[PDB]
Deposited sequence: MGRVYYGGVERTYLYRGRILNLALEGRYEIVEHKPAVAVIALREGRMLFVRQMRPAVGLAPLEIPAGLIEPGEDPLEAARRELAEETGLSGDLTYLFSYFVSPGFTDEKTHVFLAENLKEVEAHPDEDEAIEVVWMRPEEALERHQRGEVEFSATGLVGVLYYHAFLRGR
C-alpha cells in the first residue's frame, strides 16, 4: 500500500512502509549543438534559489509521448524545431522519486518562433560550460551535465 500525504500539481508525496516516495511526471530534455555551441537554458528555480545551467527540458503532458513533449518544449523554450533522435533515459534520483527523463538529440535546428520569456537561452560551447562549472561560476542541472558529457563523449 502506498498511502498518500499530498497530491499536488507536479508531485504526489506517498509513504510505502518506511519509504518516502515522490511521484512525479516524466520529463524530457534535448541536447542540441550548433556551430560548436550547445543550447543551454537558465531560469530561476525556487527549489534551489538560483538558475543552474540546464538544457531545454519539460514535463510530458497528458496525451503526449516523449518525442512530442521534446518537440514542444524545444519550441516553447527556445523557438526552435529540429530533427529529434532518442538517446537514452534515466531516473533522476530513484532513492526517492520515480521521475524519469527521456533525452533526445536535436539536429538541423530552424527557428519556428521569435517563446517563454522567463527562460534565458544560453548558447555556449560545452568546453566553456564545463570550465565555468569547474571554477564555481555556474551550477549544473542533471540535464545540463548530461548534455556536456554526451557532447564530449560523442559529438566532437
Not represented among the modelled residues are deposited positions 1-9, 124-126, 169-170
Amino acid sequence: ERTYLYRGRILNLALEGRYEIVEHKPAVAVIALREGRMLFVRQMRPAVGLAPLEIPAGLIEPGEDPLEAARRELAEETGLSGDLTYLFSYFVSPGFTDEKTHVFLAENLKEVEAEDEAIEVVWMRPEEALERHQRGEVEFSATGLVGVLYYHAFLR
From here on, numbers count along this sequence of modelled residues.
(Q) Counting only other entries that model residues on either side, is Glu35 absent from the coordinates in at least a third? (A) no
Please check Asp116 against the other PDB entries of this protein that were compared: is it missing in at least a third of those that model both its neighbours? yes
When mean C-alpha B-factors in the record are compared for 116-124 and 31-39, the larger belongs to 116-124
Going by the entry, of stretches 128-136 and 9-17 the one with greater average Cα B-factor is 9-17
Among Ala70, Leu87, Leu109, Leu53, the highest C-alpha B-factor in the PDB entry belongs to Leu109
From the entry's CA B-factor values, the highest among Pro26, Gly95, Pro62, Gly49 is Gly49
